[PDB]
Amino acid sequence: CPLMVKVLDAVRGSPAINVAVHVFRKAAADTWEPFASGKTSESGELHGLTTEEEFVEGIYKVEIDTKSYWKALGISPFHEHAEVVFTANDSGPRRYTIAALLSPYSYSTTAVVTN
């Protein structure tokens, strides 16, 4: 599990459940190719997006669909989504956790990178 995404809700004080997440990888023709996608679990975690074989060096974009999350809770939020863009595996394979903390008009994100 080299890429995991964890999403928390700062209004409710809970994991953000059923949040859609799309991962893209930058291609040779300077375009965002689809790479993996999933939804967060009851623990607000999304596991199994990729494998050590598939997750090669590259520039990745993790798009967290915060707007649909807030709209499903009957709230009109500010952002369309939260995007996290980074170079991965540049000095060999690493394990990445991308965490996001959400509020209707704000979000924070951090990365935990382990070898």
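Note that residue numbering follows the sequence shown and begins at 1.
K.L.:
Comparing average C-alpha B factors as deposited, tell me which of 44 to 52 and 29 to 37 sits higher.
P.N.:
Averaged over C-alpha atoms, the B-factors run higher in 29 to 37.
K.L.:
Determine, for stretches 66 to 74 and 80 to 88, which one has the higher mean CA B-factor as deposited.
P.N.:
Comparing averages over the C-alpha atoms only gives 66 to 74.
K.L.:
I'd like to know which of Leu8, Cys1, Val5, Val113 has the highest C-alpha temperature factor in the PDB entry.
P.N.:
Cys1 has the highest C-alpha B-factor of those listed.
K.L.:
Can you tell me whether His22 has a C-alpha B-factor in the lowest, middle or highest third compared with the other modelled residues of the same chain?
P.N.:
For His22, whose C-alpha B-factor we compare with every modelled residue in the chain, the answer is the lowest third.
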